[PDB]
Amino acid sequence: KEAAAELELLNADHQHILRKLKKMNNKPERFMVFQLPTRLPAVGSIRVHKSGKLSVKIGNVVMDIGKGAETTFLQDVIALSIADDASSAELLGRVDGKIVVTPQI
Amino acid sequence: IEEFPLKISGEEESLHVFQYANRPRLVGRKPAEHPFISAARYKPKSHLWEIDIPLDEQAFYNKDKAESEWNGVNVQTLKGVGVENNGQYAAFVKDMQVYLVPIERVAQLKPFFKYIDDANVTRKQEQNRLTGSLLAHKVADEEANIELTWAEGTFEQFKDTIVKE
Amino acid sequence: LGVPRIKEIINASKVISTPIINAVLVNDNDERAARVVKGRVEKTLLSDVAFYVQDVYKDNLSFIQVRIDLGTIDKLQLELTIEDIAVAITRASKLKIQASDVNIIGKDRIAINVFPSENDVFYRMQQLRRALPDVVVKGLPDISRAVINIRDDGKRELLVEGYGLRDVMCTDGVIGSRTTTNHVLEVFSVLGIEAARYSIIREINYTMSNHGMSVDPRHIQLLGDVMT
Amino acid sequence: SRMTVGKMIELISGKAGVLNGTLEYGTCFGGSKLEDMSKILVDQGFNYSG
Amino acid sequence: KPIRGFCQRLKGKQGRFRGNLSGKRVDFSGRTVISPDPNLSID
Amino acid sequence: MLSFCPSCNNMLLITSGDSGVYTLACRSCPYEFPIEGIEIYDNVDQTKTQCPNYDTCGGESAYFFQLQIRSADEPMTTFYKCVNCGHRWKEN
Amino acid sequence: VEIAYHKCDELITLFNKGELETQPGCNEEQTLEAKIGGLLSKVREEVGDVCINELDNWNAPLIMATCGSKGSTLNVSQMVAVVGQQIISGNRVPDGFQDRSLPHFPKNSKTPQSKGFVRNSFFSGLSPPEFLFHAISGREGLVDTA
Amino acid sequence: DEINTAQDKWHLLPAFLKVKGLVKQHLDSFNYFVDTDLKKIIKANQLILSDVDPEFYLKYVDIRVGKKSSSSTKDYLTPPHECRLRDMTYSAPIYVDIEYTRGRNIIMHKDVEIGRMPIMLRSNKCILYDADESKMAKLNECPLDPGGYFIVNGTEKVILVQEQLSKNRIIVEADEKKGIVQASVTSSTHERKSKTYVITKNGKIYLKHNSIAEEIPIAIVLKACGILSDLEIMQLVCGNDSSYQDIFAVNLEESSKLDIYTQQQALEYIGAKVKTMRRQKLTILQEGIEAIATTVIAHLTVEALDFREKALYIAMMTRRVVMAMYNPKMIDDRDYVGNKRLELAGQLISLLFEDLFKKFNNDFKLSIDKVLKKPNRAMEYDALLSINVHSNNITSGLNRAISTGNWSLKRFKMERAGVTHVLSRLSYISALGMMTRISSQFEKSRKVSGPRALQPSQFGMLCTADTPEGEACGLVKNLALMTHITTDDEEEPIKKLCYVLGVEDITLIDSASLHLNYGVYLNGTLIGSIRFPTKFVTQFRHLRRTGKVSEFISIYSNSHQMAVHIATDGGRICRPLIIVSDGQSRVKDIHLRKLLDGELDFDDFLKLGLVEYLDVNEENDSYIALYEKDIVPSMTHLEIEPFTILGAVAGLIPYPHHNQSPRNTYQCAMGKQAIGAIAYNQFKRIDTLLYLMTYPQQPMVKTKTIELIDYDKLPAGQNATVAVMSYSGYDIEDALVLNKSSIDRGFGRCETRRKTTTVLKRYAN
Ligand SMILES: [Zn+2]
């Protein structure tokens with residue numbers, strides 16, 4: 001039952017991540033972090049695929065779709081602002097989500 | 001069906017991200033606990049950031065042991081090692097569109113004490129060839145003194161990157 | 001069975017592999033004495049019947065709490081009520097640990113108290129904790145395991161693996177008149193000389209009469225005699 | 001006692017090969033069948049096996 | 001490394017003891033392969 | 001007992017407090033722990049005789065069993081069982 | 001041979017998902033291991049039993065194994081009727097890979113013919129993984145005497 | 001006749017074996033050697049710098065073998081034949097290019113010969129490479145010779161393939177009494193070092209090493225490995241639940257009572273307890289002496305600049321042994337090919353050559369130091385003419401080493417005996433039979449039956465028949481017909497690509513997970529720890545089979561032990577087979593027909609993703625079929641030619657499966673002792689001892705293997721009639737009976753050729 005268990009999570013994950021994406025929408029400070037491949041060929045953007053699926057993409061005939069992340073629930077995370085070596089230390093506050101994007105065929 | 005737009009922001013001083021494995025989830029309404037008082041020390045690359053957090057006298061302080069050995073009574077000390085890996089961005093949602101600001105370097109936070117190394121010494125007390133490990137040590141202890149004042153407020157953090165579109 | 005067993009004999013070494021001991025009990029029956037002498041002689045049931053082991057610290061007193069469940073001692077036959085494990089608990093105390101105190105209240109609860117490099121009490125109790133569910137309640141300190149097997153046609157008897165011999169022979173409930181034991185050298189330490197010589201020619205003949213051919217009775221007796 | 005039947009078959013497959021003027025193939029797990037050799041023999045006036 | 005000249009030559013109780021030590025001098029001898037015959041009576 | 005002290009989060013060891021009190025504190029870090037500590041780790045045969053078992057019982061009827069035990073000269077040990085309660089009993 | 005297969009297959013499906021009476025041979029999976037060893041044993045000998053019984057008179061191997069010459073009735077039975085249960089070490093063909101004899105067989109191989117068993121004689125030939133099993137016992141017995 | 005599915009599968013081997021010859025090993029490795037290794041070794045030291053004189057520096061720009069200017073090669077390089085008759089060695093000159101600088105402020109160049117070097121037969125630099133017919137007749141030598149051997153100083157010897165235990169990998173063994181032990185061995189450049197982990201008592205575990213004197217309380221070592229927080233450690237090596245807590249909690253308890261911190265006593269402990277200091281430039285003395293120690297002597301290859309990588313690795317090394325401490329089994333025995341790797345002579349020659357080059361350096365540096373300490377007339381040259389007569393230390397040194405079989409190393413300091421073997425020429429089989437043979441080294445006793453008996457994993461990767469019955473049994477094996485030995489590719493271009501696939505760096509990961517799925521190991525090193533193994537595996541294998549990184553770098557899942565392994569480390573056997581997609585084969589008829597007729601050859605199927613190589617522990621994960629008829633579409637792969645299981649020497653026996661294994665084993669030993677006609681040049685060749693046959697004939701029954709190896713072209717034996725009967729009585733037990741006048745027209749008529757050599761010398765008189 002290899003493909004079975006995974007597609008069951010892919011369905012769910014492509015939903016749950018959409019909610020917490022729109023659950024934090026307005027002004028209050030909430031942050032998420034991304035992981036993307038290098039060299040950054042060029043942009044296109046994310047959106048719900050037809051029939052409730054989820055598909056990211058870039059422009060100029062390329063399709064890159066990936067979602068989900070490894071297990072959370074430990075990390076207490078906030079990024080800080082550092083500039084010029086002069087004192088800055090600016091806290092934008094907290095963090096929310098984690099997501100990775102794998103390319104595909 | 002619809003479209004979710006996303007953007008890629010500019011340089012903007014880049015960023016540095018905190019994480020620490022000490023505090024767990026409180027399972028309550030607000031899970032996170034906010035660290036305070038700042039007081040960080042800094043240096044050039046591979047900077048070994050230092051984190052300082054206050055100590056309360058109200059709950060289980062055990063004063064008799066303090067006066068005996070370490071007089072500290074004061075703000076807790078945490079340090080950590082920074083690391084960098086390419087292809088990592090941060091995201092925040094504004095209105096119906098998505099905006100994205102690159103993170104750059106990352107650091108881990110786990111503590112240690114100068115109430116130790118100083119106490120171990122006072123207890124005990126009474127050239128061309130090198131590279132790698134100790135070169136990151138001998139130079140380390142020498143070159144690090146910086147006083148960073150952490151002040152938290154936000155207005156232009158958006159509009160700076162927003163107008164770049 | 002084969003040649004390395006003959007090596008064990010010929011060498012006449014002290015120790016040896018799986019030295020089974022044969023013994024007869026009283027008669028042929030399923031209940032009582034069959035399982036009684038079975039549960040009498042071996043190891044420690046302390047770690048079994050112990051139920052739950054509790055470690056409690058209240059105020060100025062240090063408490064080791066072990067409450068025995070009576071259910072196991074009823075089904076598995078061992079002769080005592082409570083105090084005899086308590087004297088077995090103090091045996092353990094007398095051996096590797098301490099002589100201090102022992103307590104008895106109800107449901108076979110036994111309390112252990114300790115008191116005098118700093119904070120040694122915590123480190124003390126920490127070691128005494130893990131070492132507690134070990135020590136022998138009853139039986140000997142020899143047997144690796146025993147077995148109850150069907151003897152001859154319809155009869156019954158047991159075979160035991162250990163160096164015990166005389167002690168399990170002295171053990172009440174079994175007739176020790178007719179018995180047998182391996183590793184002849186130790187048989188020399190009890191019966192001695194002749195009886196040992198009669199045993200060593202008995203085993204040599206046996207194991208070599210199975211695999212094949214014949215060595216004849218004459219040549220064997222002379223081999224055991226020149227040694228003894 | 002040595003228990004090898006592979007040699008005893010070799011004679012039939014060998015004899016049949018000479019009569020047809022062809023080198024007869026053989027291999028592990030497969031190869032030329034023994035049965036067809038019998039009919040190649042018996043039609044020329046030889047007993048079917050050996 | 002070892003130059004040992006004395007207690008050694010007295011040793012070698014194993015390996016080649018069968019061949020070298022007791023098998024060196026035996027005179028008036030011979031060796032050859034085997035082959036059957038019905039016609040020779042036993043002995 | 002495997003405990004830990006929040007913040008530093010290393011370990012908690014029992015230390016003897018002065019004059020009657022037993023406490024515990026984290027090593028190299030200031031702390032004090034009040035509370036109670038705890039840990040836990042894990043029939044045809046019949047005979048006539050008086051029944052010693054008493055609730056309302058006072059039973060007349062009983063069961064018995066016979067086997068020879070111990071030495072040959074050593075007498076017979078009998079095993080009694082009661083009808084009502086079903087209690088096993090043993091005496092020589 | 002086929003009637004001795006599905007019977008063990010019926011016993012092996014009760015292994016993990018079912019309960020059965022176990023001999024005092026200690027723990028589980030040894031229980032049916034002694035049963036599969038006993039069942040296939042008798043079946044082997046039984047097949048070879050009727051073989052030699054109905055074999056024609058004046059034949060060489062029978063008469064030769066009959067008197068003084070060479071071998072025994074057990075030997076000629078393996079040539080003609082069937083062989084079975086190649087066993088070294090005192091047990092059945094310990095797994096080289098993880099929980100499987102050969103990659104040619106499904107994971108968790110408890111099946112007859114999947115371990116140390118051959119239903120083919122020396123005359124009919126050997127199935128490809130009927131060979132390596134025989135090579136084992138041959139290698140084991142050879143290095144033994146050496 | 002129409003093309004069927006059964007017929008073409010047999011036609012695949014001749015297409016495969018025609019491209020790559022029967023012996024790949026010696027050839028392919030020596031070709032890779034003289035190009036890649038030669039240019040890399042000279043790049044290690046390109047300079048020699050000595051102290052005296054205002055300035056001196058010398059640089060080697062390029063090193064080549066017997067090639068420069070307009071000359072394609074040496075004018076005439078002595079052929080194999082003539083080289084064998086005159087007792088001379090077989091060698092080609094080594095061309096070097098150096099840049100000399102004096103105090104006359106000059107920069108110039110030249111082309112010099114530092115010395116000779118042996119060249120193996122059938123190599124790119126030989127004269128026999130790509131030659132046909134009359135070329136051999138003119139050169140006086142046989143076209144059918146196997147090749148791949150070194151001829152030096154009269155007769156010829158062969159470097160034998162040597163098996164080696166797994167290098168730079170964790171192996172865990174369990175023992176009665178004392179406890180469980182895991183061993184770790186590796187080599188970085190100059191030195192080889194071995195780490196031994198041990199648990200003596202109490203469940204508290206120790207670290208043994210030749211560097212550190214006494215066994216350290218690892219819980220303290222891990223503190224010196226950069227981690228402080230304690231319970232994070234417990235949540236790492238133990239993690240979530242069950243019984244894994246209390247066992248490691250014992251060591252955790254008493255380690256932190258007397259001495260606890262991640263900095264102060266962590267290092268200072270180790271350094272005060274540490275063994276001999278090597279006496280020179282020693283005083284860095286501080287917590288930093290352990291720093292360079294916690295990097296270099298830190299027991300493995302990981303190192304680099306941080307403490308985080310190494311820490312978790314040692315922790316994960318502690319993770320497995322505490323699992324097998326709980327209950328028996330759950331371990332890795334060292335027996336089967338999966339944990340074993342063989343190394344071809346290509347690397348051995350490089351090790352021996354670089355040592356003699358290093359020895360020359362210091363002597364050459366000191367050579368100029370003579371005049372350097374001399375008062376006047378600084379010298380431009382004699383670093384040319386004097387080192388030329390000072391040279392040949394490499395010549396004789398390498399020639400004596402290859403002739404003797406005793407290799408002296410000053411670097412690893414490993415003296416190995418019984419490497420090179422003289423090729424025995426009796427029949428045509430014995431020459432081809434001795435080659436493609438796996439030897440072995442050490443592993444102790446003759447008494448242990450563990451590394452003796454055959455194992456099921458050996459199937460298809462080795463010969464299950466051939467074996468030298470005698471004192472040594474099972475210690476030497478042979479390769480099958482279709483096999484491939486793995487080379488080494490590269491490291492860096494995997495990780496970065498793996499990161500693209502969605503795995504993440506271990507540094508950013510909060511290090512307390514035994515919880516999420518598997519993790520990706522690179523050569524035994526934990527890196528990514530990624531979720532979703534399915535899409536990870538499949539897509540990675542797709543990038544392999546199709547457009548990139550063919551052959552090795554294979555990925556396999558681990559069900560119980562939780563991880564996914566990717567191994568790029570070569571020096572291992574590979575076997576070909578066919579992929580079955582969905583319910584049917586990827587081959588499909590008309591393709592293989594396009595092959596046999598006019599074109600398409602081999603290695604093209606790898607480009608189309610038809611046939612490929614399984615390997616390592618990945619062969620365990622896959623599923624292989626037997627026949628095309630047998631397919632049940634749960635299958636990952638089928639097999640091409642199942643009869644390739646037997647070796648090349650064992651392919652002589654007709655109907656092998658009908659017999660029993662002990663009978664086939666004896667023939668493999670006796671079959672090479674048969675007397676053939678050997679080669680064509682045989683009459684023009686003078687050997688030391690040789691047996692000949694008068695009227696040779698092919699076997700009446702042939703085999704599919706004997707045609708591919710070219711046997712029947714040079715058969716050994718006499719085809720004769722026979723009868724099975726009891727006759728004579730001189731027959732009886734194991735004795736035959738011949739017939740006169742059959743023998744008087746001749747039967748098996750032999751010839752015996754020996755030789756004698758004498759030398760007329762000249763004394764000092
Ligand atoms: Zn604390």
# chains A, B, ... in the order shown; residues from 1 in each chain; ligands from 1
$ select_by_dssp --residues "segment 35-264 of chain H" --states "alpha helix (DSSP H)" --output "compact mmCIF listing (two decimals) with N, CA and C atoms, in the first residue's frame"
# COMPACT_ATOMS: atom_id res chain seq x y z
N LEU H 38 47.15 8.93 -13.62
CA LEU H 38 48.45 9.52 -13.92
C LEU H 38 48.44 11.04 -13.83
N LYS H 39 47.40 11.65 -14.39
CA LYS H 39 47.28 13.11 -14.39
C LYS H 39 46.91 13.65 -13.01
N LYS H 40 46.23 12.83 -12.21
CA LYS H 40 45.81 13.24 -10.88
C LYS H 40 46.95 13.14 -9.86
N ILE H 41 47.72 12.06 -9.94
CA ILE H 41 48.82 11.83 -9.00
C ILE H 41 49.91 12.88 -9.16
N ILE H 42 50.24 13.22 -10.40
CA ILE H 42 51.25 14.24 -10.67
C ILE H 42 50.75 15.62 -10.24
N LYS H 43 49.44 15.76 -10.12
CA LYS H 43 48.84 17.03 -9.70
C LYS H 43 48.91 17.18 -8.18
N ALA H 44 49.08 16.07 -7.48
CA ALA H 44 49.21 16.10 -6.03
C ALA H 44 50.46 16.88 -5.64
N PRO H 80 55.25 -8.81 -27.89
CA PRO H 80 55.16 -9.73 -26.76
C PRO H 80 56.06 -10.96 -26.92
N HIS H 81 56.11 -11.51 -28.12
CA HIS H 81 56.91 -12.70 -28.40
C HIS H 81 58.40 -12.48 -28.12
N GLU H 82 59.01 -11.59 -28.89
CA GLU H 82 60.44 -11.31 -28.79
C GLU H 82 60.85 -10.90 -27.37
N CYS H 83 59.96 -10.22 -26.68
CA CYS H 83 60.18 -9.82 -25.29
C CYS H 83 60.30 -11.04 -24.39
N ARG H 84 59.55 -12.09 -24.71
CA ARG H 84 59.53 -13.31 -23.91
C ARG H 84 60.76 -14.18 -24.15
N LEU H 85 61.30 -14.12 -25.36
CA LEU H 85 62.43 -14.95 -25.74
C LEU H 85 63.76 -14.42 -25.19
N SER H 134 46.82 -10.88 -40.50
CA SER H 134 48.21 -10.79 -40.97
C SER H 134 49.10 -9.93 -40.08
N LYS H 135 48.51 -8.97 -39.38
CA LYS H 135 49.25 -8.15 -38.42
C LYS H 135 49.83 -9.02 -37.31
N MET H 136 49.09 -10.05 -36.93
CA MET H 136 49.55 -10.99 -35.90
C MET H 136 50.55 -11.98 -36.48
N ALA H 137 50.36 -12.36 -37.74
CA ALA H 137 51.25 -13.29 -38.41
C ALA H 137 52.64 -12.68 -38.59
N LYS H 138 52.67 -11.37 -38.83
CA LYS H 138 53.93 -10.65 -38.97
C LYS H 138 54.59 -10.45 -37.61
N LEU H 139 53.76 -10.26 -36.59
CA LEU H 139 54.26 -10.04 -35.23
C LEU H 139 54.50 -11.36 -34.49
N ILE H 218 30.88 8.30 26.34
CA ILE H 218 30.40 8.96 25.12
C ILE H 218 29.44 10.13 25.37
N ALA H 219 28.58 10.01 26.38
CA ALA H 219 27.71 11.11 26.77
C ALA H 219 28.51 12.39 27.02
N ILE H 220 29.77 12.24 27.43
CA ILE H 220 30.68 13.37 27.54
C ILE H 220 31.24 13.75 26.16
N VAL H 221 31.53 12.75 25.34
CA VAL H 221 32.03 12.97 23.99
C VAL H 221 31.03 13.76 23.17
N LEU H 222 29.76 13.39 23.29
CA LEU H 222 28.69 14.06 22.55
C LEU H 222 28.58 15.52 22.98
N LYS H 223 28.89 15.79 24.25
CA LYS H 223 28.97 17.16 24.73
C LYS H 223 30.08 17.91 24.01
N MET H 234 18.67 12.50 24.38
CA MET H 234 17.80 11.36 24.66
C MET H 234 16.72 11.24 23.60
N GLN H 235 16.14 12.37 23.21
CA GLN H 235 15.08 12.38 22.21
C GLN H 235 15.64 12.10 20.81
N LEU H 236 16.97 12.02 20.71
CA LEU H 236 17.63 11.74 19.44
C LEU H 236 17.96 10.26 19.29
N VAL H 237 18.84 9.76 20.15
CA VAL H 237 19.29 8.36 20.08
C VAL H 237 18.21 7.38 20.53
N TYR H 244 13.43 2.00 24.90
CA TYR H 244 14.73 2.54 24.50
C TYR H 244 15.23 3.63 25.44
N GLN H 245 14.39 4.03 26.39
CA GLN H 245 14.72 5.12 27.31
C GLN H 245 15.67 4.69 28.42
N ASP H 246 15.20 3.79 29.29
CA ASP H 246 15.91 3.43 30.51
C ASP H 246 17.34 2.93 30.30
N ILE H 247 17.58 2.27 29.18
CA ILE H 247 18.90 1.70 28.89
C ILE H 247 19.96 2.79 28.74
N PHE H 248 19.69 3.76 27.87
CA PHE H 248 20.64 4.84 27.63
C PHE H 248 20.57 5.89 28.74
N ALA H 249 19.50 5.84 29.53
CA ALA H 249 19.31 6.78 30.63
C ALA H 249 20.31 6.53 31.75
N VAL H 250 20.83 5.30 31.82
CA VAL H 250 21.81 4.94 32.84
C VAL H 250 23.11 5.71 32.63
N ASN H 251 23.63 5.67 31.41
CA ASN H 251 24.83 6.41 31.06
C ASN H 251 24.59 7.91 31.18
N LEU H 252 23.42 8.34 30.72
CA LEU H 252 23.03 9.75 30.79
C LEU H 252 23.04 10.25 32.23
N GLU H 253 22.57 9.41 33.14
CA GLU H 253 22.56 9.72 34.57
C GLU H 253 23.95 10.01 35.13
N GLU H 254 24.81 9.00 35.12
CA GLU H 254 26.09 9.08 35.83
C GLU H 254 27.18 9.80 35.05
N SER H 255 26.88 10.20 33.82
CA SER H 255 27.83 10.99 33.04
C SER H 255 27.79 12.45 33.48
N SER H 256 26.59 12.94 33.77
CA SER H 256 26.39 14.34 34.09
C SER H 256 26.49 14.66 35.58
N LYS H 257 26.60 13.63 36.42
CA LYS H 257 26.68 13.89 37.86
C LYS H 257 28.04 14.47 38.26
N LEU H 258 29.12 13.78 37.89
CA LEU H 258 30.46 14.22 38.25
C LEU H 258 30.93 15.38 37.37
N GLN H 264 33.64 23.15 28.74
CA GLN H 264 34.81 23.14 29.61
C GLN H 264 35.43 21.77 29.85
$ residues_near_ligand --ligand "ligand 1" --cutoff "10 Å" --atoms "only C-alpha atoms and all ligand atoms" --output "list in words"
residues 3, 4, 5, 6, 7, 8, 9, 10, 11, 12, 13, 25, 26, 27, 28, 29, 30, 31 and 32 of chain F
$ atom_distance --atom1 "atom CA of residue 84 of chain A" --atom2 "atom CA of residue 38 of chain B"
19.1 Å
$ residues_around --residues "segment 17-27 of chain D" --least-positions-apart "4" --cutoff "12 Å" --atoms "only C-alpha atoms" --output "number ranges by chain"
D: 6-7, 9-13, 31-34, 36-38, 40-46; G: 125; H: 641-644, 646, 650-658, 698-707, 712, 719, 721
$ write_last_selection --atoms "C-alpha atoms" --output "PDB file, in the first residue's frame"
ATOM      1  CA  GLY D   6      23.572 -36.349 -17.254  1.00  0.00           C
ATOM      2  CA  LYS D   7      26.292 -38.563 -18.690  1.00  0.00           C
ATOM      3  CA  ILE D   9      21.863 -39.095 -21.722  1.00  0.00           C
ATOM      4  CA  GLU D  10      24.948 -37.743 -23.512  1.00  0.00           C
ATOM      5  CA  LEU D  11      25.431 -40.987 -25.456  1.00  0.00           C
ATOM      6  CA  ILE D  12      21.963 -40.886 -27.029  1.00  0.00           C
ATOM      7  CA  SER D  13      22.170 -37.191 -27.914  1.00  0.00           C
ATOM      8  CA  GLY D  31      18.430 -27.505 -24.793  1.00  0.00           C
ATOM      9  CA  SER D  32      17.808 -30.429 -27.141  1.00  0.00           C
ATOM     10  CA  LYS D  33      15.025 -32.787 -26.054  1.00  0.00           C
ATOM     11  CA  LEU D  34      15.699 -36.476 -25.376  1.00  0.00           C
ATOM     12  CA  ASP D  36      13.101 -36.462 -30.461  1.00  0.00           C
ATOM     13  CA  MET D  37      16.405 -38.354 -30.408  1.00  0.00           C
ATOM     14  CA  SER D  38      14.498 -41.607 -29.927  1.00  0.00           C
ATOM     15  CA  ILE D  40      15.574 -40.113 -34.998  1.00  0.00           C
ATOM     16  CA  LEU D  41      17.114 -43.417 -33.914  1.00  0.00           C
ATOM     17  CA  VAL D  42      14.208 -45.860 -34.230  1.00  0.00           C
ATOM     18  CA  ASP D  43      13.538 -45.019 -37.896  1.00  0.00           C
ATOM     19  CA  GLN D  44      17.090 -45.969 -38.894  1.00  0.00           C
ATOM     20  CA  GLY D  45      16.836 -49.386 -37.246  1.00  0.00           C
ATOM     21  CA  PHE D  46      18.262 -48.656 -33.798  1.00  0.00           C
TER      22      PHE D  46
ATOM     23  CA  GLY G 125      15.780 -31.691 -14.892  1.00  0.00           C
TER      24      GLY G 125
ATOM     25  CA  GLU H 641      19.386 -15.797 -19.821  1.00  0.00           C
ATOM     26  CA  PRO H 642      19.005 -17.845 -16.588  1.00  0.00           C
ATOM     27  CA  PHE H 643      21.771 -20.279 -17.601  1.00  0.00           C
ATOM     28  CA  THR H 644      24.408 -17.579 -17.071  1.00  0.00           C
ATOM     29  CA  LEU H 646      27.310 -20.899 -13.941  1.00  0.00           C
ATOM     30  CA  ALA H 650      31.756 -24.669 -15.706  1.00  0.00           C
ATOM     31  CA  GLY H 651      30.035 -24.176 -19.060  1.00  0.00           C
ATOM     32  CA  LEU H 652      31.850 -27.185 -20.508  1.00  0.00           C
ATOM     33  CA  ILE H 653      29.715 -29.851 -18.825  1.00  0.00           C
ATOM     34  CA  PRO H 654      26.780 -31.072 -20.944  1.00  0.00           C
ATOM     35  CA  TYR H 655      23.449 -31.211 -19.068  1.00  0.00           C
ATOM     36  CA  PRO H 656      24.808 -29.812 -15.760  1.00  0.00           C
ATOM     37  CA  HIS H 657      21.420 -29.641 -14.021  1.00  0.00           C
ATOM     38  CA  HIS H 658      20.877 -33.393 -14.397  1.00  0.00           C
ATOM     39  CA  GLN H 698      35.473 -31.211 -30.669  1.00  0.00           C
ATOM     40  CA  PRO H 699      32.908 -32.717 -28.285  1.00  0.00           C
ATOM     41  CA  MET H 700      30.005 -34.420 -30.072  1.00  0.00           C
ATOM     42  CA  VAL H 701      27.656 -32.486 -27.799  1.00  0.00           C
ATOM     43  CA  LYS H 702      28.384 -28.765 -27.527  1.00  0.00           C
ATOM     44  CA  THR H 703      27.173 -25.951 -25.281  1.00  0.00           C
ATOM     45  CA  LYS H 704      25.962 -22.398 -25.933  1.00  0.00           C
ATOM     46  CA  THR H 705      28.794 -21.146 -23.715  1.00  0.00           C
ATOM     47  CA  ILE H 706      31.693 -22.914 -25.442  1.00  0.00           C
ATOM     48  CA  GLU H 707      31.002 -21.157 -28.752  1.00  0.00           C
ATOM     49  CA  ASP H 712      35.675 -25.880 -29.939  1.00  0.00           C
ATOM     50  CA  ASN H 719      36.209 -38.177 -29.122  1.00  0.00           C
ATOM     51  CA  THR H 721      33.253 -44.732 -28.718  1.00  0.00           C
TER      52      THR H 721
END
$ interface_residues --of "chain C" --to "chain F" --cutoff "8 Å" --atoms "only C-alpha atoms" --output "ChimeraX atom specification"
/C:26,32-33,51-60,118-119,121-122,172-175
$ residues_around --residues "residue 78 of chain F" --least-positions-apart "3" --cutoff "8 Å" --atoms "only C-alpha atoms" --output "VMD selection string"
chain F and resid 64 to 67 90 to 92
$ interface_residues --of "chain D" --to "chain G" --cutoff "10 Å" --atoms "only C-alpha atoms" --output "PyMOL selection string"
chain D and resi 1-6+9+28-30
$ residues_around --residues "residue 461 of chain H" --least-positions-apart "5" --cutoff "12 Å" --atoms "only C-alpha atoms" --output "NGL selection string"
:H and (336-338 or 438 or 455-456 or 477-485 or 572-576 or 613-616 or 619 or 642 or 644-647)
$ atom_distance --atom1 "atom CA of residue 709 of chain H" --atom2 "atom CA of residue 160 of chain H"
20.6 Å
$ closest_atom_pairs --of "chain H" --to "chain E" --cutoff "9 Å" --atoms "only C-alpha atoms" --output "tab-separated table"
residue	atom	partner	partner_atom	distance
H:729	CA	E:38	CA	6.3
H:730	CA	E:37	CA	4.9
H:731	CA	E:36	CA	6.9
H:732	CA	E:36	CA	7.5
H:733	CA	E:36	CA	8.4
H:735	CA	E:35	CA	7.4
$ interface_residues --of "chain B" --to "chain F" --cutoff "7 Å" --atoms "only C-alpha atoms" --output "list in words"
residues 22, 60, 61, 62 and 66 of chain B
$ interface_residues --of "chain H" --to "chain B" --cutoff "12 Å" --atoms "only C-alpha atoms" --output "PyMOL selection string"
chain H and resi 223+226-233+235+259-266+268+280-296+303-308+496+499-500+502-512
$ interface_residues --of "chain A" --to "chain B" --cutoff "6 Å" --atoms "only C-alpha atoms" --output "MDAnalysis selection string"
chainID A and resid 25 31:38 45:47 76:81 83 87 89:91
$ atom_distance --atom1 "atom CA of residue 753 of chain H" --atom2 "atom CA of residue 127 of chain H"
29.0 Å
$ residues_around --residues "residue 36 of chain B" --least-positions-apart "3" --cutoff "8 Å" --atoms "only C-alpha atoms" --output "count of residues only"
3
